[PDB]
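Only one chain is shown below, in structure tokens, and it's the form deposited in one PDB entry.
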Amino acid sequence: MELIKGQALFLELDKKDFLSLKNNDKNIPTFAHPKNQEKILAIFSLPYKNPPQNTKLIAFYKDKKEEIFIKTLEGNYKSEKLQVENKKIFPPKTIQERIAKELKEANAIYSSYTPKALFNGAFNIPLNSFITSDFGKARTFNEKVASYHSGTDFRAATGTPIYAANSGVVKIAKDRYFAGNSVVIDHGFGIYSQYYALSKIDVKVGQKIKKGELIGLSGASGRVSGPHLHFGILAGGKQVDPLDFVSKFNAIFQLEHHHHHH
């Protein structure tokens, strides 16, 4: 199969006698296919930056193995030559420490896997606006990607209500470097939605949040590009194209429903 860098796919496997799914000694979790009881699903994501050229996954069964080849596609993201190259920044030492501390926190949060659906059917858009700057716009040096937009931006006047794109559990709700005021929601199955640059946070860590429920107010009045909501999705351990992920997720789960029981 084929996958564009920085996107996720939902891999389908036979359920009977399946034991584990691996990528070079990394284990990939599985979950039920909601519409075919004989199938299970797994989420595989390619990183946007410096991805492998090909990927071989092995599904181990009780008495056989199945190989799955994924070729990485470059896609057709918007890209611009970064003319300095130098791209090494020197934050003051106090900023460096805060960035490192928030990175260790985020890394641990994203690897704490929830093995059940916290979501409620389809994802909805977190506000009924439009994209102003989409995922994956890249800045290249000679021709390796130096940086890229790791989420998608919606137009929003400062103070616009922002709603949970799906049900789940709030894992982050605080001011972080780069992301500003941010909310991160665990939806289960290693899927997290991200809401950055907020002007107001209206939830607490560990709160159960319903789809369409208010999580804060849009902000970023003073950003490099002015007020907007930055929306992100992390799935399969990587930032992925969020609208492309939502489209793929909804095709599978949109006829399902769940209200929190725990």
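Each form is matched to the other, and the largest set of C-alpha atoms that superpose within 1.5 Å is called the rigid core. Only residues modelled in both forms are compared. The first residue of the sequence shown is number 1, and the count goes up from there.
The same protein also has a form deposited in another entry, omitted here; what follows describes it.
*Asks:* Just one of 106, 173, 145, 169 has a C-alpha that shifts by 2 Å or more between the shown form and the other one on a rigid core fit; which is it?
*Replies:* Among the listed residues, the one whose C-alpha moves by 2 Å or more is 145.
*Asks:* Align both forms on the core first, then report whether residue 222 has a C-alpha shift of 2 Å or more between the shown form and the other one.
*Replies:* Yes.
*Asks:* For residue 126, is the C-alpha shift between the shown form and the other one 2 Å or more after core superposition?
*Replies:* Shift at residue 126: 2 Å or more after core fit.
*Asks:* Is there a C-alpha shift of 2 Å or more at residue 80 between the shown form and the other one once the rigid core is superposed?
*Replies:* Yes, the C-alpha position differs by at least 2 Å between the shown form and the other one.
*Asks:* Are residue 52 and residue 84 closer or farther apart at the Cα level in the other entry than shown, by 3 Å or more?
*Replies:* Between the C-alphas of residue 84 and residue 52, the gap widens in the other entry (3 Å or more compared with this form).
*Asks:* Relative to what we see here, could you say if residue 257 and residue 169 have their Cα atoms closer or farther apart in the other entry, with a change of 3 Å or more?
*Replies:* Residues separate in the other entry, at least 3 Å farther apart.
*Asks:* Give the consecutive runs of 3+ residues, present in both forms, in which every C-alpha shifts by 2 Å or more between the shown form and the other one after rigid core superposition.
*Replies:* Shifted segments: 79-91, 126-130, 139-146, 221-225, 256-262.
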